[PDB]
There are 2 protein chains.
Amino acid sequence: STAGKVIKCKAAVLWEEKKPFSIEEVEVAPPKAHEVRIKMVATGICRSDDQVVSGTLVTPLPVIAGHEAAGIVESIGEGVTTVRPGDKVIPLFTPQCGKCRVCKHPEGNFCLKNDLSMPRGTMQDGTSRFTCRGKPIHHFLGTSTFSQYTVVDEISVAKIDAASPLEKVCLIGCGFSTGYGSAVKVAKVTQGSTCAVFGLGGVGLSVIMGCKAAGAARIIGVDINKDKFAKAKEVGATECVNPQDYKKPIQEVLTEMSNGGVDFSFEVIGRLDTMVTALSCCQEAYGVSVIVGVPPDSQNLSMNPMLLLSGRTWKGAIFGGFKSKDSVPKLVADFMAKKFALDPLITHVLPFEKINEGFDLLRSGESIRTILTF
Amino acid sequence: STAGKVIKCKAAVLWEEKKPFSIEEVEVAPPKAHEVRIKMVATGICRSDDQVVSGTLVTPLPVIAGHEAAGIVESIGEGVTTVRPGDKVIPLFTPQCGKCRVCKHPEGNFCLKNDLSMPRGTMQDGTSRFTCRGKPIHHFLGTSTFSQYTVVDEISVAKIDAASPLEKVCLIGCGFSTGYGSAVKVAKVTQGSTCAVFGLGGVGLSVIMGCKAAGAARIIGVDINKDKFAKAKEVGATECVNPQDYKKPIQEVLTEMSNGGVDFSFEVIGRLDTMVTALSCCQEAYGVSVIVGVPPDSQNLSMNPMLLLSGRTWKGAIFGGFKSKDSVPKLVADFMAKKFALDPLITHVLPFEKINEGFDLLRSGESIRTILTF
Ligand SMILES: NC(=O)c1ccc[n+]([C@@H]2O[C@H](COP(=O)([O-])OP(=O)([O-])OC[C@H]3O[C@@H](n4cnc5c(N)[nH+]cnc54)[C@H](O)[C@@H]3O)[C@@H](O)[C@H]2O)c1
Ligand SMILES: NC(=O)c1ccc[n+]([C@@H]2O[C@H](COP(=O)([O-])OP(=O)([O-])OC[C@H]3O[C@@H](n4cnc5c(N)[nH+]cnc54)[C@H](O)[C@@H]3O)[C@@H](O)[C@H]2O)c1
Ligand SMILES: [Zn+2]
Ligand SMILES: [Zn+2]
Ligand SMILES: [Zn+2]
Ligand SMILES: [Zn+2]
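Reading guide: rules and limits
- Residues numbered from 1 in each chain as written, not as in the entry; some residues may be left out.
- Chains lettered and ligands numbered in written order.
- Heavy atoms only, no water.
- Buried < 20%, exposed > 50% of the residue type's maximum accessible area, 1.4 Å probe, protein only.
- Helix = DSSP H or I, 4+ residues; strand = E, 2+ residues; numbered from the N terminus.
- Pairing = 2+ DSSP bridges.
- Right-handed = clockwise from strand over helix to strand, strands pointing away.
- Axes fitted to C-alpha atoms, helices over the stretch in contact; angles between N-to-C directions.
- Near = heavy atom within 4 Å.
- Polar contact = N/O pair within 3.5 Å; in protein donor to acceptor, adjacent residues only side chain to side chain.
- Areas by Shrake-Rupley, 256 points an atom, 1.4 Å probe, with all protein chains shown as cover.
- Nonpolar A, V, L, I, M, F, W, Y, C, P; charged D, E, K, R; others polar.

All names here are of chain A. Of all five residues in strand β10 (residues 194-198), five are buried, a share of seventy percent or more. Covered by surrounding structure in β10 are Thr-194, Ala-196 and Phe-198 together with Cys-195 and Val-197, the residues of both alternating faces. In this structure, β10 lies alongside strand β11 (residues 218-222), joined through five bridges in parallel fashion. Within the sheet, the bridge partner assigned to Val-197 lies in β11 and is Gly-221. On the question of chirality, the crossover connecting β10 to the parallel β11 by way of helix α5 (residues 202-213) is right-handed. The pairing of β10 with strand β13 (residues 264-267) spans four bridges and is classified as parallel. Each bridged residue has a counterpart across the sheet, and for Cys-195 the counterpart in β13 is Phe-264.

It is worth spelling out the sheet that holds strand β6 (residues 130-132) of chain A at this point. All names here are of chain A. In space, the four strands of this open sheet follow the order β1-β2-β6-β7, with antiparallel pairing throughout. At either margin of the open sheet sits one strand with a lone partner, and together these are β1 (7-13) and β7 (135-137). Averaged over all pairs of adjacent strands, the angle between strand axes in this sheet comes to 45°, irrespective of strand direction. Two strands pair when backbone bridges link them, and strand β2 (residues 22-28) and β6 are joined in this way by two bridges, in the antiparallel orientation. Looking at β6, one finds that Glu-27 is bridged to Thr-131.

Residue and element names in this part refer to chain B. What you see with strand β14 (residues 288-291) is no split at all: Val-288 and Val-290 on one side and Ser-289 and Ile-291 on the other are buried throughout. Both strand β13 (residues 264-267) and β14 contribute to a ladder of four bridges, which runs parallel. Pairing of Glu-267 across the sheet is with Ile-291, part of β14. Handedness of the β13-helix α8 (residues 272-281)-β14 crossover: right-handed. As defined by bridge partners, β14 adjoins strand β16 (residues 313-316) across four bridges and the pair is classed as parallel.

Another aspect to go through is the site of ligand 1. Residues and elements named next belong to chain A. Around ligand 1 lies a shell of 28 residues, among which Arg-47, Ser-48, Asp-223, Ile-269 and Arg-369 are the nearest. Between ligand 1 and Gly-202 there is a distance of 3.4 Å, counted from an oxygen atom to a backbone nitrogen or oxygen. Measuring from a nitrogen atom of ligand 1, one finds a backbone N or O atom of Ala-317 at 3.0 Å. Surface burial for ligand 1 is 90%, taken as the share of its 870 Å² of free accessible area covered by protein chains. Within the residue set of the shell around ligand 1, elements represented by two or more residues are α1 (47-54) and α5. Here the shell around ligand 1 takes three residues from α1, the largest share from any one element. In the shell around ligand 1, the residues fall into 13 nonpolar, 10 polar and five charged.

All names here are of chain B. Near ligand 2 lie 27 residues; those nearest to it are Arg-47, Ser-48, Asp-223, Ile-269 and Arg-369. A distance of 3.4 Å separates an oxygen atom of ligand 2 from a polar backbone atom of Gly-202. For ligand 2, a nitrogen atom lies 2.9 Å from a polar atom in the backbone of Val-292. In isolation ligand 2 offers 860 Å² of accessible surface; the protein chains occlude 91% of this area. Of all the secondary structure elements, the ones that give two or more residues to the shell around ligand 2 are α1 (47-54) and α5 (202-213). For the shell around ligand 2, the element with the most residues is α1, which contributes three residues. Each residue belonging to the shell around ligand 2 can be placed in one class, and the counts come to 13 nonpolar, nine polar and five charged.

In structure tokens:
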């Protein structure tokens, strides 16, 4: 009988860029028509959430960030047909409205109702469900998972298997699905190919998992932090290189290593220089390079279009190119059937109240995914 | 007989940039091992040839330019197995060695023996077959068709149908195959799609022909020269737009016209600014943009990688992604079988001696393809 009532709960509020989260009481309004209020069970720390703190991924402040999570439906608004109270759910930071030209396109997944391209920090109706100290607080990507309760639009939630371990399957809400889809759906990595993966965090390890699933012969991990190399080999990297070890630019090293350039390269960091380097290192006539990393807000890169004229393909994607509401329940079902592993991504577990310690672990280079439990 | 002897003949020599072609007597050495000497019958004037004069496409000078042509084999060197004296042939400015990693790849066509990436202006053996006034003259892309005779490496020539009309099929050497393949093979334009083609010269009109062949529902031609619109409509444009007619940038106009972005865009000009515009006008989640135009030497473009992260694909190609020696004889057979038209591309047919008047017709906006006849 919290149904129809304001919930007072703890959330991690970001009042200001480059400051710690403030764990404090917020007020969470009840769900309006076509909205769902979720009791959160577990949420992951994704670099994109850190980018919001850094100000390199811009979204209105103050905000409740968090987008990689799983919980249990507390109540549904009028007209909700796709989940019920007590259902296990994953919030979808990329919505699936099912009505727009993108949702109807066979390849498209970046639904026109997304809050990423031109962030408002609201529900679909342009208003907020969150109050803190009597002030309105922004949403993030229609999810806001750094809260004991959130409200999402129906197009931004998926029902998942009732027996799902939510402290693992929360990674299906971003990092795993993003990296794995980037390889198997966006790049379409082929059997016997040579891949280069720039960035060996939670998302680039998921890229390596997808390249290995697709049958790549060589998977070259690239990171300036050699501490990331052991786990990258465990999930399928055949060799790892640190650009800081070489006199030559790493695109030239990777071209030499691959006897004239790789089949598939992935930028999984979020830097302009590594996006150009990852394009350059794929073979000039038939190579494919996929941008996964989120670049710093409003900055342009510089490149020589002769890299494309020879035959390269350059593309990017959000959430691994997955249509989110169709894909997430299937990804959970596939996990439950042992088709891929999530434990190799989980390096740390903390209570929600230690969110700032979780961010210090990511920033220090010590963690892959920290999972916070409510 | 000329076989085994030096030929003295007329060629158009470019002694330095931004000067008219010099029509004069050159000496053409006989073919060495795995080389073919061709009597030229017809050659087209491609914008790429004008870019060598402008210095925006760098190749060593002095040079015999020309790459879009057809002629008749005069003689063959030792070891030549794929052509014989008297054969009709098209020189291949993109070779097909059949041995490199690119030639063996199912998609690849930019053979590693090409002279486009790092132009030397020689035969494969690093030497020239041309002298003029006692000076060695460079080759251009392994072809050098602005001459009554040329010598090419065997991997840079294809045998075509003995009954083919050389004054038309010379365009299969460059402009027609490039534009048509860019649409049907590289973009893989789909039935009912909306296409935007930037540049309505010979190559852009050939892109329109491919988009129409692939069953596009809308083909928007873009040119700053409105005199190009009537012919673009004859070959399949459904509408034409001149960016100079609008207060708004044309990417915004084309996004509004296509109710959120086109399925397929093509840059067929060679400008950095229209390469970025063409990418931007394709739908942000599923759009594809192909660079066909040759960009200006050593210059970088500036772009926001968020254009790719949302889901766009950006790619470029040489020669329409056709494997040159396999494809050219099949394109000629397809032409003979009336599967496509070339006459719409041909606005002017001049004797070879009028090469400069041919270039001035292109530069002035008055021609599509001028065919020079020997
Ligand atoms: N496209 C999407 O939908 C999607 C979703 C998830 C994450 N992202 C982005 O993907 C990127 C990675 O996220 P993550 O895996 O959580 O981050 P992470 O755990 O910080 O991993 C990034 C890795 O990059 C390494 N790195 C940093 N700088 C360089 C360098 N110059 N050269 C080589 N390696 C370097 C770094 O050491 C680290 O291991 C971030 O930009 C996220 O914002 C995008
Ligand atoms: N990729 C290949 O294999 C390949 C082969 C053939 C030609 N090309 C290149 O393709 C391009 C076109 O060749 P072409 O068709 O012979 O040239 P063309 O006949 O000069 O056509 C170019 C067209 O672009 C129009 N144009 C020029 N500037 C603009 C502008 N700012 N906005 C809109 N329209 C503009 C112009 O009026 C002209 O109709 C050139 O850069 C060639 O070098 C490349
Ligand atoms: Zn994320
Ligand atoms: Zn949608
Ligand atoms: Zn050309
Ligand atoms: Zn080859």
